[PDB]
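Neighbour counts run over all protein chains shown; Cβ positions are idealised from the backbone, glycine included. Laboratory data are not the source of any read-out in this text; all were calculated from the coordinates shown.
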Amino acid sequence: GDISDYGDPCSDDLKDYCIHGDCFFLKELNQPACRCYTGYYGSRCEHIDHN
C-alpha cells in the first residue's frame, strides 16, 4: 500500500520539487521522481482545479 517502504524518503531538495505533488525517491530507481495527484494541474502541479 504505502510507498516509502518501496522507496526511501525524498531529500530536502526534492521536498520542494513539486508545488502540489508528492516526492518519493525509489531506491531501485536511484533517482528523483515526483507524481502529480488527481485534481491538480500545472507544469509542477502549481495550478489547482477550481473552474
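Take the range 1-40 and flag every residue that is farther than 26 Å from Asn51 by Cα and among the aliphatic types (A, V, I, L, M).
Result: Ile3, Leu14, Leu26, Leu29, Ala33.
Could you list, ordered by first residue, the pairs with Cβ atoms under 7 Å in which the first is in the range 30-51 and touching a residue at least 24 places away in the same chain (Cβ under 8 Å) and within 21 Å of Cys10 (Cβ to Cβ) and the second is surrounded by 10 or more Cβ atoms within 10 Å (Cβ to Cβ) and β-branched (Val, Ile, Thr), at least 6 apart or interchain?
From residues that are touching a residue at least 24 places away in the same chain (Cβ under 8 Å) and within 21 Å of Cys10 (Cβ to Cβ), the pairs are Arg44/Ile19; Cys45/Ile19; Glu46/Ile19.
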